[PDB]
Amino acid sequence: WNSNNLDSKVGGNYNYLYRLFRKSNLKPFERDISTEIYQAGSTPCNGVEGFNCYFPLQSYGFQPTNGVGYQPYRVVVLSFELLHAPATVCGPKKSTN
Amino acid sequence: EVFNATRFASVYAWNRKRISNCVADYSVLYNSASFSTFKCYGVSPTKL
């Protein structure tokens with residue numbers, strides 16, 4: 001869903017970043033919270049960024065004065081599996097007889 | 001000749017060179033170990 005007053009701040013947005021240049025591809029069902037610097041061939045910096053070092057965690061820039069394509073969108077993904085346990089809205093059904 | 005020449009031009013009238021109907025490798029331009037600063041925006045210097 002689109003958020004017009006929840007994440008749309010006047011002074012930009014710096015708490016949300018996205019990986020763009022790192023070579024390590026995030027496989028499904030995994031997580032990586034490492035904040036490193038992209039290495040381009042020689043001079044591996046990974047924290048001492050400089051000559052031939054790029055910032056992969058680019059900023060979004062959420063502002064309420066931008067267009068519909070630049071507004072923040074709060075995204076929630078719901079994964080699961082089946083044939084293991086029921087839920088509530090499944091159906092109210094106890095032992096009948 | 002664009003890099004190694006006898007003299008260069010100014011900033012108000014600089015040299016304009018177009019690379020057409022040719023092919024080159026950007027691997028030798030990176031391991032020269034002779035450049036002071038190297039910035040390459042828009043694409044990675046090792047994946048272009």
# chains A, B, ... in the order shown; residues from 1 in each chain; ligands from 1
>>> interface_residues(of="chain A", to="chain B", cutoff="12 Å", atoms="only C-alpha atoms", output="PDB file with N, CA, C and O atoms, in the first residue's frame")
ATOM      1  N   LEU A  20      22.534  -2.101  -4.624  1.00  0.00           N
ATOM      2  CA  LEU A  20      22.506  -1.927  -6.072  1.00  0.00           C
ATOM      3  C   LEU A  20      23.762  -2.427  -6.772  1.00  0.00           C
ATOM      4  O   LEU A  20      23.664  -2.974  -7.875  1.00  0.00           O
ATOM      5  N   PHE A  21      24.937  -2.265  -6.163  1.00  0.00           N
ATOM      6  CA  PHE A  21      26.196  -2.529  -6.846  1.00  0.00           C
ATOM      7  C   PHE A  21      26.968  -3.721  -6.298  1.00  0.00           C
ATOM      8  O   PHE A  21      27.920  -4.166  -6.950  1.00  0.00           O
ATOM      9  N   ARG A  22      26.599  -4.248  -5.133  1.00  0.00           N
ATOM     10  CA  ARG A  22      27.342  -5.361  -4.556  1.00  0.00           C
ATOM     11  C   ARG A  22      27.212  -6.608  -5.425  1.00  0.00           C
ATOM     12  O   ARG A  22      26.178  -6.853  -6.053  1.00  0.00           O
ATOM     13  N   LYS A  23      28.284  -7.402  -5.456  1.00  0.00           N
ATOM     14  CA  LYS A  23      28.299  -8.608  -6.276  1.00  0.00           C
ATOM     15  C   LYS A  23      27.593  -9.775  -5.598  1.00  0.00           C
ATOM     16  O   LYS A  23      27.123 -10.690  -6.283  1.00  0.00           O
ATOM     17  N   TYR A  38      31.310  -1.625  -2.150  1.00  0.00           N
ATOM     18  CA  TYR A  38      31.521  -2.421  -3.352  1.00  0.00           C
ATOM     19  C   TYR A  38      32.970  -2.320  -3.812  1.00  0.00           C
ATOM     20  O   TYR A  38      33.525  -1.222  -3.924  1.00  0.00           O
ATOM     21  N   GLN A  39      33.581  -3.471  -4.077  1.00  0.00           N
ATOM     22  CA  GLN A  39      34.957  -3.545  -4.548  1.00  0.00           C
ATOM     23  C   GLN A  39      34.968  -3.681  -6.064  1.00  0.00           C
ATOM     24  O   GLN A  39      34.327  -4.582  -6.616  1.00  0.00           O
ATOM     25  N   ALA A  40      35.698  -2.792  -6.731  1.00  0.00           N
ATOM     26  CA  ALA A  40      35.815  -2.787  -8.187  1.00  0.00           C
ATOM     27  C   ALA A  40      37.241  -3.202  -8.542  1.00  0.00           C
ATOM     28  O   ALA A  40      38.138  -2.365  -8.658  1.00  0.00           O
ATOM     29  N   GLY A  41      37.444  -4.506  -8.713  1.00  0.00           N
ATOM     30  CA  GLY A  41      38.749  -5.030  -9.060  1.00  0.00           C
ATOM     31  C   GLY A  41      39.774  -4.871  -7.957  1.00  0.00           C
ATOM     32  O   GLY A  41      39.688  -5.533  -6.918  1.00  0.00           O
ATOM     33  N   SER A  42      40.752  -3.995  -8.173  1.00  0.00           N
ATOM     34  CA  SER A  42      41.807  -3.773  -7.198  1.00  0.00           C
ATOM     35  C   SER A  42      41.314  -2.861  -6.077  1.00  0.00           C
ATOM     36  O   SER A  42      40.190  -2.351  -6.098  1.00  0.00           O
ATOM     37  N   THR A  43      42.181  -2.651  -5.083  1.00  0.00           N
ATOM     38  CA  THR A  43      41.926  -1.815  -3.914  1.00  0.00           C
ATOM     39  C   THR A  43      40.628  -2.218  -3.216  1.00  0.00           C
ATOM     40  O   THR A  43      39.630  -1.491  -3.295  1.00  0.00           O
ATOM     41  N   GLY A  50      37.068   4.793  -1.067  1.00  0.00           N
ATOM     42  CA  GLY A  50      37.935   5.781  -1.674  1.00  0.00           C
ATOM     43  C   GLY A  50      38.178   5.470  -3.136  1.00  0.00           C
ATOM     44  O   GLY A  50      37.225   5.299  -3.902  1.00  0.00           O
ATOM     45  N   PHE A  51      39.448   5.420  -3.537  1.00  0.00           N
ATOM     46  CA  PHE A  51      39.808   5.086  -4.910  1.00  0.00           C
ATOM     47  C   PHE A  51      39.170   3.771  -5.338  1.00  0.00           C
ATOM     48  O   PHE A  51      39.464   2.714  -4.772  1.00  0.00           O
ATOM     49  N   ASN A  52      38.290   3.851  -6.338  1.00  0.00           N
ATOM     50  CA  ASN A  52      37.573   2.696  -6.883  1.00  0.00           C
ATOM     51  C   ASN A  52      36.735   2.003  -5.805  1.00  0.00           C
ATOM     52  O   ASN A  52      36.887   0.813  -5.522  1.00  0.00           O
ATOM     53  N   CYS A  53      35.833   2.780  -5.207  1.00  0.00           N
ATOM     54  CA  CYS A  53      34.886   2.273  -4.223  1.00  0.00           C
ATOM     55  C   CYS A  53      33.565   3.007  -4.399  1.00  0.00           C
ATOM     56  O   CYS A  53      33.547   4.235  -4.518  1.00  0.00           O
ATOM     57  N   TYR A  54      32.466   2.255  -4.417  1.00  0.00           N
ATOM     58  CA  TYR A  54      31.144   2.806  -4.665  1.00  0.00           C
ATOM     59  C   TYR A  54      30.212   2.494  -3.503  1.00  0.00           C
ATOM     60  O   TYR A  54      30.413   1.524  -2.766  1.00  0.00           O
ATOM     61  N   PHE A  55      29.186   3.329  -3.348  1.00  0.00           N
ATOM     62  CA  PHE A  55      28.181   3.152  -2.308  1.00  0.00           C
ATOM     63  C   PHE A  55      26.983   2.399  -2.874  1.00  0.00           C
ATOM     64  O   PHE A  55      26.168   2.984  -3.600  1.00  0.00           O
ATOM     65  N   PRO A  56      26.840   1.108  -2.570  1.00  0.00           N
ATOM     66  CA  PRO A  56      25.749   0.326  -3.168  1.00  0.00           C
ATOM     67  C   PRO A  56      24.395   0.626  -2.545  1.00  0.00           C
ATOM     68  O   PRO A  56      23.361   0.526  -3.215  1.00  0.00           O
TER      69      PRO A  56
END
>>> residues_around(residues="residue 57 of chain A", least_positions_apart="3", cutoff="12 Å", atoms="only C-alpha atoms", output="PDB file with C-alpha atoms, in the first residue's frame")
ATOM      1  CA  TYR A  14      17.931   7.932   5.056  1.00  0.00           C
ATOM      2  CA  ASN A  15      16.783   4.992   7.215  1.00  0.00           C
ATOM      3  CA  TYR A  16      15.870   2.839   4.179  1.00  0.00           C
ATOM      4  CA  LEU A  17      18.530   1.774   1.672  1.00  0.00           C
ATOM      5  CA  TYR A  18      18.680  -0.748  -1.166  1.00  0.00           C
ATOM      6  CA  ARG A  19      21.638  -2.745  -2.465  1.00  0.00           C
ATOM      7  CA  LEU A  20      22.506  -1.927  -6.072  1.00  0.00           C
ATOM      8  CA  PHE A  21      26.196  -2.529  -6.846  1.00  0.00           C
ATOM      9  CA  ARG A  22      27.342  -5.361  -4.556  1.00  0.00           C
ATOM     10  CA  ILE A  33      22.713  -7.133   7.250  1.00  0.00           C
ATOM     11  CA  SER A  34      26.355  -6.387   6.381  1.00  0.00           C
ATOM     12  CA  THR A  35      27.016  -2.770   5.367  1.00  0.00           C
ATOM     13  CA  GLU A  36      30.106  -2.982   3.151  1.00  0.00           C
ATOM     14  CA  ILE A  37      31.553  -1.068   0.196  1.00  0.00           C
ATOM     15  CA  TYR A  38      31.521  -2.421  -3.352  1.00  0.00           C
ATOM     16  CA  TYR A  54      31.144   2.806  -4.665  1.00  0.00           C
ATOM     17  CA  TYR A  60      15.431   6.570  -1.841  1.00  0.00           C
TER      18      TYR A  60
END
>>> closest_residue(among="B:28, B:19, B:33, B:48", to="residue 2 of chain B", atoms="only C-alpha atoms")
B:19
>>> residues_around(residues="residue 68 of chain A", least_positions_apart="6", cutoff="12 Å", atoms="only C-alpha atoms", output="JSON, numbers by chain")
{"A": [2, 3, 4, 8, 62]}
>>> select_by_dssp(residues="chain A", states="strand (DSSP E or B)", output="compact mmCIF listing (two decimals) with N, CA and C atoms, in the first residue's frame")
# COMPACT_ATOMS: atom_id res chain seq x y z
N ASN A 2 0.34 2.33 -0.53
CA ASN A 2 1.06 3.59 -0.60
C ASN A 2 0.91 4.37 0.71
N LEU A 17 17.58 1.85 2.77
CA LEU A 17 18.53 1.77 1.67
C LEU A 17 18.35 0.46 0.93
N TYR A 18 18.79 0.43 -0.32
CA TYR A 18 18.68 -0.75 -1.17
C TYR A 18 20.02 -1.04 -1.83
N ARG A 19 20.38 -2.32 -1.88
CA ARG A 19 21.64 -2.74 -2.46
C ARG A 19 21.55 -2.71 -3.99
N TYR A 38 31.31 -1.62 -2.15
CA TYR A 38 31.52 -2.42 -3.35
C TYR A 38 32.97 -2.32 -3.81
N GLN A 39 33.58 -3.47 -4.08
CA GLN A 39 34.96 -3.54 -4.55
C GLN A 39 34.97 -3.68 -6.06
N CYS A 53 35.83 2.78 -5.21
CA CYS A 53 34.89 2.27 -4.22
C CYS A 53 33.57 3.01 -4.40
N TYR A 54 32.47 2.25 -4.42
CA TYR A 54 31.14 2.81 -4.66
C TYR A 54 30.21 2.49 -3.50
N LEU A 57 24.39 1.00 -1.26
CA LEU A 57 23.15 1.27 -0.54
C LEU A 57 22.68 2.68 -0.88
N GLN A 58 22.10 2.81 -2.07
CA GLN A 58 21.60 4.11 -2.52
C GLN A 58 20.38 4.53 -1.71
N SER A 59 20.20 5.84 -1.59
CA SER A 59 19.09 6.40 -0.83
C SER A 59 17.86 6.56 -1.72
N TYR A 73 6.28 3.12 -0.65
CA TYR A 73 5.27 2.07 -0.69
C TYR A 73 5.62 1.02 0.35
>>> atom_distance(atom1="atom CA of residue 77 of chain A", atom2="atom CA of residue 32 of chain A")
17.3 Å
>>> atom_distance(atom1="atom CA of residue 3 of chain B", atom2="atom CA of residue 16 of chain B")
12.6 Å
>>> residues_around(residues="residue 9 of chain A", least_positions_apart="3", cutoff="10 Å", atoms="only C-alpha atoms", output="PDB file with C-alpha atoms, in the first residue's frame")
ATOM      1  CA  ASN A   4       1.542   9.489   2.038  1.00  0.00           C
ATOM      2  CA  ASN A   5       1.989  10.537   5.687  1.00  0.00           C
ATOM      3  CA  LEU A   6       3.726   7.550   7.331  1.00  0.00           C
ATOM      4  CA  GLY A  12      14.234  13.109   2.931  1.00  0.00           C
ATOM      5  CA  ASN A  13      14.622   9.500   4.019  1.00  0.00           C
ATOM      6  CA  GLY A  61      14.578  10.201  -1.096  1.00  0.00           C
ATOM      7  CA  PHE A  62      10.991   9.965   0.122  1.00  0.00           C
ATOM      8  CA  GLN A  63       9.382  13.415  -0.081  1.00  0.00           C
ATOM      9  CA  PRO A  64       5.687  14.403  -0.091  1.00  0.00           C
ATOM     10  CA  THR A  65       6.282  16.865  -2.961  1.00  0.00           C
ATOM     11  CA  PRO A  72       7.181   5.350  -0.433  1.00  0.00           C
TER      12      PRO A  72
END
